[PDB]
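> Following this line is start_17.tsv, made up of TSV, N, CA and C atoms and all ligand atoms:
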```tsv
chain	number	residue	atom	x	y	z
A	43	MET	N	74.29	86.46	90.07
A	43	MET	CA	75.05	87.71	90.45
A	43	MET	C	75.99	88.20	89.33
A	44	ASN	N	75.94	89.55	89.18
A	44	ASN	CA	76.65	90.22	88.07
A	44	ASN	C	78.02	90.81	88.57
A	45	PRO	N	79.10	90.57	87.81
A	45	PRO	CA	80.36	91.21	88.07
A	45	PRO	C	80.29	92.66	87.59
A	46	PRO	N	81.28	93.46	87.98
A	46	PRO	CA	81.34	94.82	87.45
A	46	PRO	C	81.56	94.70	85.91
A	47	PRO	N	81.05	95.62	85.15
A	47	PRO	CA	81.21	95.55	83.70
A	47	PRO	C	82.68	95.87	83.35
A	48	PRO	N	83.15	95.47	82.11
A	48	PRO	CA	84.49	95.81	81.73
A	48	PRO	C	84.70	97.33	81.72
A	49	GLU	N	85.92	97.75	81.99
A	49	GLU	CA	86.24	99.17	81.89
A	49	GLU	C	86.10	99.74	80.55
A	50	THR	N	85.68	101.00	80.50
A	50	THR	CA	85.51	101.72	79.23
A	50	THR	C	86.52	102.86	79.17
A	51	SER	N	87.26	103.04	80.29
A	51	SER	CA	88.29	104.11	80.36
A	51	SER	C	89.37	103.57	81.23
A	52	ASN	N	90.61	103.98	81.01
A	52	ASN	CA	91.70	103.60	81.86
A	52	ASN	C	92.79	104.67	81.73
A	53	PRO	N	92.89	105.57	82.74
A	53	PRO	CA	93.76	106.74	82.61
A	53	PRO	C	95.23	106.44	82.39
A	54	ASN	N	95.71	105.30	82.82
A	54	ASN	CA	97.09	105.01	82.63
A	54	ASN	C	97.40	104.18	81.34
A	55	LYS	N	96.34	103.86	80.59
A	55	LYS	CA	96.48	103.21	79.29
A	55	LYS	C	96.47	104.34	78.22
A	56	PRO	N	97.44	104.32	77.29
A	56	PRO	CA	97.52	105.33	76.26
A	56	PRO	C	96.42	105.19	75.23
A	57	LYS	N	95.93	106.32	74.76
A	57	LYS	CA	94.82	106.35	73.80
A	57	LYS	C	95.36	106.56	72.41
A	58	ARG	N	94.56	106.17	71.40
A	58	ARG	CA	94.92	106.50	70.04
A	58	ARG	C	93.67	106.58	69.16
A	59	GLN	N	93.75	107.37	68.12
A	59	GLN	CA	92.70	107.39	67.11
A	59	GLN	C	93.37	107.12	65.77
A	60	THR	N	92.84	106.18	65.05
A	60	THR	CA	93.40	105.81	63.73
A	60	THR	C	92.23	105.79	62.79
A	61	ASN	N	92.53	105.77	61.51
A	61	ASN	CA	91.46	105.66	60.49
A	61	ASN	C	90.70	104.34	60.67
A	62	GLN	N	91.41	103.27	60.96
A	62	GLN	CA	90.79	101.94	61.14
A	62	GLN	C	89.86	101.97	62.35
A	63	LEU	N	90.31	102.59	63.44
A	63	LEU	CA	89.44	102.58	64.65
A	63	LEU	C	88.19	103.49	64.37
A	64	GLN	N	88.33	104.57	63.60
A	64	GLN	CA	87.19	105.39	63.32
A	64	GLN	C	86.18	104.58	62.50
A	65	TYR	N	86.66	103.83	61.55
A	65	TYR	CA	85.85	102.98	60.66
A	65	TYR	C	85.18	101.88	61.50
A	66	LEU	N	85.89	101.35	62.46
A	66	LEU	CA	85.27	100.29	63.30
A	66	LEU	C	84.07	100.82	64.06
A	67	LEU	N	84.14	102.06	64.50
A	67	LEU	CA	82.96	102.69	65.12
A	67	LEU	C	81.90	103.12	64.12
A	68	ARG	N	82.27	103.92	63.15
A	68	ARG	CA	81.26	104.56	62.27
A	68	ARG	C	80.62	103.59	61.34
A	69	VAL	N	81.34	102.60	60.84
A	69	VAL	CA	80.79	101.67	59.91
A	69	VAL	C	80.54	100.30	60.49
A	70	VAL	N	81.54	99.68	61.08
A	70	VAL	CA	81.37	98.31	61.50
A	70	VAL	C	80.39	98.20	62.71
A	71	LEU	N	80.76	98.83	63.81
A	71	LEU	CA	79.92	98.63	65.03
A	71	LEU	C	78.51	99.19	64.77
A	72	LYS	N	78.42	100.39	64.21
A	72	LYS	CA	77.14	101.04	64.05
A	72	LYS	C	76.28	100.30	63.07
A	73	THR	N	76.85	99.64	62.08
A	73	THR	CA	76.04	98.81	61.21
A	73	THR	C	75.58	97.53	61.89
A	74	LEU	N	76.49	96.81	62.58
A	74	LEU	CA	76.11	95.58	63.29
A	74	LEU	C	74.99	95.91	64.29
A	75	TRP	N	75.03	97.12	64.89
A	75	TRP	CA	74.11	97.42	65.99
A	75	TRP	C	72.68	97.39	65.49
A	76	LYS	N	72.49	97.75	64.21
A	76	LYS	CA	71.16	97.74	63.62
A	76	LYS	C	70.58	96.44	63.23
A	77	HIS	N	71.37	95.40	63.19
A	77	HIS	CA	70.91	94.13	62.76
A	77	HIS	C	69.87	93.58	63.72
A	78	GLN	N	68.95	92.79	63.16
A	78	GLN	CA	67.88	92.26	63.96
A	78	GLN	C	68.30	91.35	65.07
A	79	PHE	N	69.52	90.83	64.96
A	79	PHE	CA	70.07	89.86	65.93
A	79	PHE	C	71.01	90.52	66.93
A	80	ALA	N	71.17	91.84	66.84
A	80	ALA	CA	72.22	92.53	67.65
A	80	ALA	C	71.79	92.66	69.12
A	81	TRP	N	70.48	92.62	69.44
A	81	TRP	CA	70.07	93.07	70.76
A	81	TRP	C	70.66	92.33	71.94
A	82	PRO	N	70.92	91.00	71.83
A	82	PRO	CA	71.52	90.34	72.97
A	82	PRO	C	72.93	90.82	73.30
A	83	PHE	N	73.57	91.49	72.35
A	83	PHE	CA	74.98	91.82	72.42
A	83	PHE	C	75.20	93.31	72.67
A	84	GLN	N	74.14	94.06	72.90
A	84	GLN	CA	74.23	95.52	72.98
A	84	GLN	C	74.54	95.98	74.40
A	85	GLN	N	74.64	95.03	75.33
A	85	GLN	CA	74.96	95.33	76.74
A	85	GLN	C	75.52	94.15	77.39
A	86	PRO	N	76.10	94.34	78.59
A	86	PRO	CA	76.71	93.17	79.25
A	86	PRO	C	75.60	92.20	79.58
A	87	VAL	N	75.91	90.92	79.54
A	87	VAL	CA	74.92	89.89	79.90
A	87	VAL	C	74.49	90.12	81.34
A	88	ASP	N	73.19	90.31	81.54
A	88	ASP	CA	72.63	90.50	82.91
A	88	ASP	C	72.18	89.16	83.44
A	89	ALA	N	73.01	88.54	84.27
A	89	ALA	CA	72.73	87.22	84.76
A	89	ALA	C	71.56	87.26	85.82
A	90	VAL	N	71.42	88.33	86.57
A	90	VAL	CA	70.33	88.49	87.51
A	90	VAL	C	68.99	88.65	86.73
A	91	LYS	N	68.96	89.58	85.75
A	91	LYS	CA	67.75	89.81	84.96
A	91	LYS	C	67.36	88.58	84.13
A	92	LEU	N	68.33	87.93	83.48
A	92	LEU	CA	68.12	86.81	82.56
A	92	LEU	C	68.04	85.45	83.22
A	93	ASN	N	68.09	85.44	84.54
A	93	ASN	CA	68.10	84.19	85.31
A	93	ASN	C	69.16	83.19	84.81
A	94	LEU	N	70.39	83.69	84.74
A	94	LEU	CA	71.54	82.90	84.30
A	94	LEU	C	72.64	82.96	85.37
A	95	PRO	N	72.43	82.36	86.55
A	95	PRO	CA	73.35	82.50	87.61
A	95	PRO	C	74.70	81.83	87.36
A	96	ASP	N	74.78	80.90	86.42
A	96	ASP	CA	76.06	80.28	86.09
A	96	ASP	C	76.82	80.98	84.92
A	97	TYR	N	76.22	82.05	84.37
A	97	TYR	CA	76.95	82.68	83.18
A	97	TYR	C	78.37	83.10	83.56
A	98	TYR	N	78.54	83.83	84.68
A	98	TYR	CA	79.85	84.35	85.04
A	98	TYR	C	80.67	83.35	85.84
A	99	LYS	N	80.04	82.22	86.15
A	99	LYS	CA	80.82	81.08	86.65
A	99	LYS	C	81.60	80.49	85.52
A	100	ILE	N	81.10	80.62	84.28
A	100	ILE	CA	81.70	80.03	83.12
A	100	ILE	C	82.49	81.06	82.33
A	101	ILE	N	81.94	82.24	82.11
A	101	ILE	CA	82.58	83.25	81.21
A	101	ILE	C	83.40	84.22	82.15
A	102	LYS	N	84.73	84.18	81.98
A	102	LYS	CA	85.61	84.97	82.81
A	102	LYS	C	86.20	86.18	82.10
A	103	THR	N	85.95	86.36	80.82
A	103	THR	CA	86.37	87.61	80.18
A	103	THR	C	85.20	88.11	79.34
A	104	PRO	N	84.23	88.71	80.00
A	104	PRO	CA	83.01	89.18	79.42
A	104	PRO	C	83.25	90.32	78.46
A	105	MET	N	82.47	90.33	77.36
A	105	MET	CA	82.54	91.45	76.43
A	105	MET	C	81.19	91.61	75.70
A	106	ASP	N	80.85	92.85	75.36
A	106	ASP	CA	79.59	93.15	74.64
A	106	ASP	C	79.82	94.39	73.76
A	107	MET	N	78.92	94.61	72.77
A	107	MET	CA	79.02	95.74	71.92
A	107	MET	C	78.82	97.11	72.54
A	108	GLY	N	78.05	97.17	73.62
A	108	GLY	CA	77.91	98.41	74.32
A	108	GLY	C	79.24	98.88	74.91
A	109	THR	N	79.94	97.96	75.51
A	109	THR	CA	81.27	98.26	76.03
A	109	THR	C	82.21	98.66	74.89
A	110	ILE	N	82.19	97.88	73.79
A	110	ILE	CA	83.07	98.19	72.66
A	110	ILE	C	82.77	99.57	72.15
A	111	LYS	N	81.50	99.87	71.99
A	111	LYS	CA	81.13	101.19	71.48
A	111	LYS	C	81.68	102.33	72.38
A	112	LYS	N	81.53	102.17	73.70
A	112	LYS	CA	82.00	103.18	74.67
A	112	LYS	C	83.54	103.27	74.61
A	113	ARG	N	84.19	102.14	74.39
A	113	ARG	CA	85.67	102.13	74.26
A	113	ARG	C	86.07	102.88	73.00
A	114	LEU	N	85.41	102.60	71.88
A	114	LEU	CA	85.71	103.31	70.70
A	114	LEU	C	85.42	104.86	70.85
A	115	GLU	N	84.30	105.20	71.50
A	115	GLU	CA	83.94	106.57	71.70
A	115	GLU	C	84.94	107.34	72.56
A	116	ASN	N	85.48	106.67	73.56
A	116	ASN	CA	86.57	107.14	74.44
A	116	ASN	C	88.00	107.11	73.84
A	117	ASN	N	88.27	106.62	72.63
A	117	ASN	CA	89.62	106.37	72.13
A	117	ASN	C	90.44	105.53	73.08
A	118	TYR	N	89.77	104.48	73.66
A	118	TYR	CA	90.39	103.58	74.64
A	118	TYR	C	91.45	102.68	74.01
A	119	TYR	N	91.23	102.30	72.76
A	119	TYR	CA	92.12	101.34	72.09
A	119	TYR	C	93.35	102.02	71.49
A	120	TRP	N	94.47	101.30	71.48
A	120	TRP	CA	95.64	101.75	70.72
A	120	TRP	C	95.49	101.46	69.26
A	121	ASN	N	94.87	100.33	68.87
A	121	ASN	CA	94.79	100.01	67.43
A	121	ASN	C	93.54	99.12	67.12
A	122	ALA	N	93.30	98.93	65.82
A	122	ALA	CA	92.10	98.19	65.39
A	122	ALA	C	92.15	96.77	65.87
A	123	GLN	N	93.30	96.15	65.90
A	123	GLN	CA	93.44	94.75	66.30
A	123	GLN	C	92.94	94.53	67.75
A	124	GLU	N	93.20	95.50	68.62
A	124	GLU	CA	92.74	95.42	69.97
A	124	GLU	C	91.18	95.41	70.03
A	125	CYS	N	90.58	96.27	69.21
A	125	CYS	CA	89.13	96.29	69.15
A	125	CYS	C	88.54	95.04	68.54
A	126	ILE	N	89.16	94.60	67.45
A	126	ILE	CA	88.73	93.37	66.81
A	126	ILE	C	88.82	92.17	67.81
A	127	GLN	N	89.86	92.08	68.65
A	127	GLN	CA	89.91	91.10	69.64
A	127	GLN	C	88.77	91.13	70.62
A	128	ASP	N	88.27	92.33	70.97
A	128	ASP	CA	87.10	92.38	71.88
A	128	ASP	C	85.81	91.84	71.16
A	129	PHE	N	85.67	92.11	69.86
A	129	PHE	CA	84.55	91.47	69.12
A	129	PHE	C	84.69	89.96	69.15
A	130	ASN	N	85.91	89.46	68.91
A	130	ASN	CA	86.11	88.03	68.85
A	130	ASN	C	85.82	87.41	70.22
A	131	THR	N	86.21	88.08	71.32
A	131	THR	CA	85.91	87.62	72.68
A	131	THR	C	84.41	87.53	72.88
A	132	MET	N	83.69	88.55	72.46
A	132	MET	CA	82.22	88.58	72.57
A	132	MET	C	81.59	87.40	71.85
A	133	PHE	N	82.01	87.18	70.58
A	133	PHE	CA	81.43	85.97	69.88
A	133	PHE	C	81.83	84.66	70.53
A	134	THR	N	83.08	84.49	70.89
A	134	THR	CA	83.55	83.26	71.48
A	134	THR	C	82.84	82.98	72.79
A	135	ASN	N	82.61	84.02	73.59
A	135	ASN	CA	81.88	83.78	74.88
A	135	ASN	C	80.53	83.16	74.64
A	136	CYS	N	79.82	83.64	73.63
A	136	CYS	CA	78.53	83.11	73.30
A	136	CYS	C	78.64	81.64	72.90
A	137	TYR	N	79.61	81.30	72.10
A	137	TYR	CA	79.85	79.87	71.74
A	137	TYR	C	80.26	79.00	72.90
A	138	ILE	N	80.97	79.54	73.86
A	138	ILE	CA	81.37	78.74	75.00
A	138	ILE	C	80.22	78.43	75.92
A	139	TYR	N	79.37	79.45	76.22
A	139	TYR	CA	78.25	79.33	77.21
A	139	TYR	C	77.12	78.47	76.59
A	140	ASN	N	76.98	78.44	75.26
A	140	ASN	CA	75.80	77.88	74.58
A	140	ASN	C	76.24	76.78	73.63
A	141	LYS	N	75.30	76.06	73.08
A	141	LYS	CA	75.61	74.91	72.19
A	141	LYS	C	75.21	75.20	70.78
A	142	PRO	N	75.79	74.48	69.79
A	142	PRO	CA	75.48	74.70	68.41
A	142	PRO	C	73.95	74.52	68.21
A	143	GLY	N	73.35	75.35	67.40
A	143	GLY	CA	71.93	75.29	67.12
A	143	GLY	C	71.03	76.09	68.05
A	144	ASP	N	71.58	76.55	69.18
A	144	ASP	CA	70.82	77.36	70.14
A	144	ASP	C	70.50	78.71	69.46
A	145	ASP	N	69.34	79.24	69.76
A	145	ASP	CA	68.93	80.45	69.11
A	145	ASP	C	69.97	81.59	69.27
A	146	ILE	N	70.51	81.75	70.46
A	146	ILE	CA	71.49	82.81	70.70
A	146	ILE	C	72.75	82.60	69.85
A	147	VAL	N	73.12	81.33	69.67
A	147	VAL	CA	74.28	80.95	68.85
A	147	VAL	C	74.02	81.22	67.41
A	148	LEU	N	72.79	80.98	66.91
A	148	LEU	CA	72.53	81.35	65.50
A	148	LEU	C	72.65	82.82	65.32
A	149	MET	N	72.23	83.63	66.32
A	149	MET	CA	72.34	85.10	66.21
A	149	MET	C	73.85	85.49	66.17
A	150	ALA	N	74.65	84.92	67.09
A	150	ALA	CA	76.06	85.23	67.09
A	150	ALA	C	76.74	84.82	65.78
A	151	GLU	N	76.41	83.66	65.26
A	151	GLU	CA	77.01	83.18	63.96
A	151	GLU	C	76.71	84.16	62.85
A	152	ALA	N	75.48	84.65	62.75
A	152	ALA	CA	75.14	85.62	61.72
A	152	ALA	C	75.87	86.95	61.87
A	153	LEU	N	75.99	87.43	63.13
A	153	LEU	CA	76.71	88.67	63.37
A	153	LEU	C	78.16	88.55	63.11
A	154	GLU	N	78.73	87.39	63.45
A	154	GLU	CA	80.14	87.16	63.22
A	154	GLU	C	80.46	87.15	61.73
A	155	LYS	N	79.57	86.50	60.92
A	155	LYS	CA	79.78	86.56	59.47
A	155	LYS	C	79.73	87.96	58.92
A	156	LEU	N	78.79	88.77	59.36
A	156	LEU	CA	78.66	90.13	58.95
A	156	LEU	C	79.93	90.97	59.38
A	157	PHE	N	80.31	90.76	60.62
A	157	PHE	CA	81.52	91.37	61.16
A	157	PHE	C	82.73	91.08	60.28
A	158	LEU	N	82.97	89.80	60.01
A	158	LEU	CA	84.10	89.47	59.17
A	158	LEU	C	84.00	90.09	57.80
A	159	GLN	N	82.81	90.11	57.19
A	159	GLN	CA	82.70	90.72	55.91
A	159	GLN	C	83.15	92.18	55.97
A	160	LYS	N	82.74	92.89	57.05
A	160	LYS	CA	83.09	94.30	57.15
A	160	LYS	C	84.51	94.62	57.49
A	161	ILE	N	85.23	93.74	58.18
A	161	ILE	CA	86.60	93.99	58.55
A	161	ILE	C	87.62	93.37	57.55
A	162	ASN	N	87.11	92.67	56.53
A	162	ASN	CA	87.98	92.06	55.54
A	162	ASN	C	88.82	93.14	54.94
A	163	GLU	N	88.19	94.28	54.63
A	163	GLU	CA	88.95	95.41	54.16
A	163	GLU	C	88.74	96.60	55.03
A	164	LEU	N	89.84	97.13	55.54
A	164	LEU	CA	89.80	98.33	56.35
A	164	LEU	C	90.44	99.50	55.65
A	165	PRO	N	90.16	100.69	56.10
A	165	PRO	CA	90.91	101.83	55.51
A	165	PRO	C	92.40	101.79	55.77
A	166	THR	N	93.13	102.59	55.02
A	166	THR	CA	94.60	102.63	55.14
A	166	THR	C	94.99	103.86	55.98
A	167	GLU	N	95.96	103.68	56.89
A	167	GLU	CA	96.35	104.71	57.89
A	167	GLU	C	96.92	106.00	57.26
A	201	LIG	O1	71.52	82.70	76.82
A	201	LIG	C1	71.47	83.94	76.53
A	201	LIG	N1	72.80	84.55	76.36
A	201	LIG	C2	73.85	83.60	76.52
A	201	LIG	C3	75.18	83.88	76.11
A	201	LIG	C4	75.36	85.25	75.53
A	201	LIG	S1	76.80	85.85	75.03
A	201	LIG	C5	76.24	87.36	74.54
A	201	LIG	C6	74.80	87.53	74.82
A	201	LIG	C7	74.31	86.23	75.44
A	201	LIG	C8	72.93	85.93	75.95
A	201	LIG	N2	70.15	84.66	76.39
A	201	LIG	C9	68.94	84.05	76.59
A	201	LIG	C10	67.97	85.02	76.39
A	201	LIG	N3	68.53	86.19	76.02
A	201	LIG	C11	69.88	85.95	76.04
```
Could you rewrite the structure in this file as C-alpha cells?

Amino acid sequence: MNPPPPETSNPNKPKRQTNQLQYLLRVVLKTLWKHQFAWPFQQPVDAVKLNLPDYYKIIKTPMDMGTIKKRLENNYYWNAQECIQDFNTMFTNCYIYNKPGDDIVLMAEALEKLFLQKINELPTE
C-alpha cells in the first residue's frame, strides 16, 4: 500500500526563486534525469506496482526526482539548501531500504556522485 505522495505545493509556505534554485532545475535535475540510471528515481516508489509492501513500513520520509522537479517548477523551496536536502533524502532512502552492492544501490551511488559533482559549484546570487 502506497502513502499519499509528498506535497508539491503548500499555500502557507513562502516561495522563492534564486539563481541557485534555477540552476538546480535547469542544469542539475534536468541533467540527472537523462542519466541511464535515473528511471527508478523519476517518481515516487510504487510499492503496489513493484510488489514492495514493506517499503513504506521502513521509509518514512519518501522523496523522488519527480517531486523535486515539481517543487522546483512551483518555486516551492525558499533556498537551494532545502532542495539539496530533498536529493539527499532520496539517496539516503535508497541506501536504507537496500544493501550495498544491490543493483538499485549502484544506480543511486552513481547518481549521487554526479549530483555532488554538479552542486560543488553553484551560481552566485
Ligand atoms: O528496490 C527497488 N527500489 C528500492 C528503493 C528505492 S529508493 C528510490 C527508488 C527505489 C526502488 N526497485 C526494484 C525494482 N525497481 C526498483
> Just need the box for ligand LIG 201 (chain A), edges along x, y and z, holding every atom the file lists for it with 8 Å tacked onto each side, so centre and edge lengths in Å to one decimal, as AutoDock Vina command-line options.

```
--center_x 72.4 --center_y 85.1 --center_z 75.7 --size_x 24.8 --size_y 20.8 --size_z 18.3
```
> Env of residue A:108: 5 Å cut, atoms = all atoms listed in the file, seq-sep filter 4 positions within chain, self excluded. Answer as a PDB file with N, CA and C atoms, in the coordinates of the input.

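Dumped to result.pdb:
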```pdb
ATOM      1  N   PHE A  83      73.570  91.490  72.350  1.00  0.00           N
ATOM      2  CA  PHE A  83      74.980  91.820  72.420  1.00  0.00           C
ATOM      3  C   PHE A  83      75.200  93.310  72.670  1.00  0.00           C
ATOM      4  N   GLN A  84      74.140  94.060  72.900  1.00  0.00           N
ATOM      5  CA  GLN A  84      74.230  95.520  72.980  1.00  0.00           C
ATOM      6  C   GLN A  84      74.540  95.980  74.400  1.00  0.00           C
ATOM      7  N   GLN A  85      74.640  95.030  75.330  1.00  0.00           N
ATOM      8  CA  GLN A  85      74.960  95.330  76.740  1.00  0.00           C
ATOM      9  C   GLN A  85      75.520  94.150  77.390  1.00  0.00           C
ATOM     10  N   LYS A 112      81.530 102.170  73.700  1.00  0.00           N
ATOM     11  CA  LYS A 112      82.000 103.180  74.670  1.00  0.00           C
ATOM     12  C   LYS A 112      83.540 103.270  74.610  1.00  0.00           C
TER      13      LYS A 112
END
```
> At a cut-off of 6 Å and counting all atoms listed in the file, what residues surround ligand LIG 201 (chain A)? Please answer as a ChimeraX atom specification.
/A:82-83,87,132,135-136,139-140,146
> To one decimal in Å, tell me the separation between atom C of residue A:58 and atom N of residue A:119.
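For atom C of residue A:58 relative to atom N of residue A:119, the distance reads 6.1 Å.
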> Between atom C of residue A:155 and atom CA of residue A:107, what is the distance in Å, rounded to a tenth?
15.2 Å
> Might you pull out every residue within 8 Å of residue A:123, with all atoms listed in the file counted and same-chain residues fewer than 5 positions away left off, and present them as a list in words?
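The residues satisfying every condition are residues 62, 63, 128 and 129 of chain A.
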> So that I can check the surroundings of stretch 49-55 of chain A, please list as a PyMOL selection string every protein, DNA and RNA residue that reaches within 7 Å of it, counting only N, CA and C atoms and ignoring chain neighbours fewer than 6 positions away.
chain A and resi 109+112-113+116+118
> Just to confirm, what's the straight-line distance from atom N of residue A:138 to atom C of residue A:79 in Å (one decimal)?
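If I compute the distance from atom N of residue A:138 to atom C of residue A:79, I get 16.4 Å.
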> Can you work out which one of A:61, A:70, A:137, A:161 has the shortest atom-to-atom distance to residue A:100, counting only C-alpha atoms?
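Checking each of A:61, A:70, A:137, A:161 against residue A:100, counting only C-alpha atoms, the winner is A:137.
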> Using only C-alpha atoms, can you tell me which of A:92, A:78, A:59, A:104 comes closest to residue A:45?
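Looking only at the distances to residue A:45, the closest residue turns out to be A:104.
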> Just checking: using all atoms listed in the file, which residue out of A:86, A:163, A:142, A:66 ends up closest to residue A:122?
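The answer is A:66, which sits nearest to residue A:122.
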> Restricting the calculation to only C-alpha atoms, which member of A:143, A:48, A:126, A:153 is positioned closest to residue A:103?
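Distance minimum relative to residue A:103 lands on A:48.
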> So which one's closest to residue A:73, A:43, A:125, A:89, A:156? Using only C-alpha atoms, please.
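Counting only C-alpha atoms, the residue closest to residue A:73 is A:156.
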> Find, counting only C-alpha atoms, the residue in A:68, A:120, A:99, A:151 that gets nearest to residue A:80.
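Closest to residue A:80, using only C-alpha atoms: A:151.
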> Give me the residues near residue A:44 as a PDB file with N, CA and C atoms, keeping the file's coordinate frame, where near means some atom within 7 Å (using all atoms listed in the file) and where sequence neighbours in that chain fewer than 2 positions away do not count.

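In the end it all went to part19.pdb:
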```pdb
ATOM      1  N   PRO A  46      81.280  93.460  87.980  1.00  0.00           N
ATOM      2  CA  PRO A  46      81.340  94.820  87.450  1.00  0.00           C
ATOM      3  C   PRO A  46      81.560  94.700  85.910  1.00  0.00           C
ATOM      4  N   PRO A  47      81.050  95.620  85.150  1.00  0.00           N
ATOM      5  CA  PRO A  47      81.210  95.550  83.700  1.00  0.00           C
ATOM      6  C   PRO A  47      82.680  95.870  83.350  1.00  0.00           C
ATOM      7  N   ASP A  88      73.190  90.310  81.540  1.00  0.00           N
ATOM      8  CA  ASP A  88      72.630  90.500  82.910  1.00  0.00           C
ATOM      9  C   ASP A  88      72.180  89.160  83.440  1.00  0.00           C
ATOM     10  N   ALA A  89      73.010  88.540  84.270  1.00  0.00           N
ATOM     11  CA  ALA A  89      72.730  87.220  84.760  1.00  0.00           C
ATOM     12  C   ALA A  89      71.560  87.260  85.820  1.00  0.00           C
ATOM     13  N   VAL A  90      71.420  88.330  86.570  1.00  0.00           N
ATOM     14  CA  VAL A  90      70.330  88.490  87.510  1.00  0.00           C
ATOM     15  C   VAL A  90      68.990  88.650  86.730  1.00  0.00           C
TER      16      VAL A  90
END
```
> Would you return as a ChimeraX atom specification the members of chain A that DSSP assigns to helix (DSSP H, G or I) on this structure's backbone?
/A:61-75,81-83,97-100,107-115,122-139,145-161
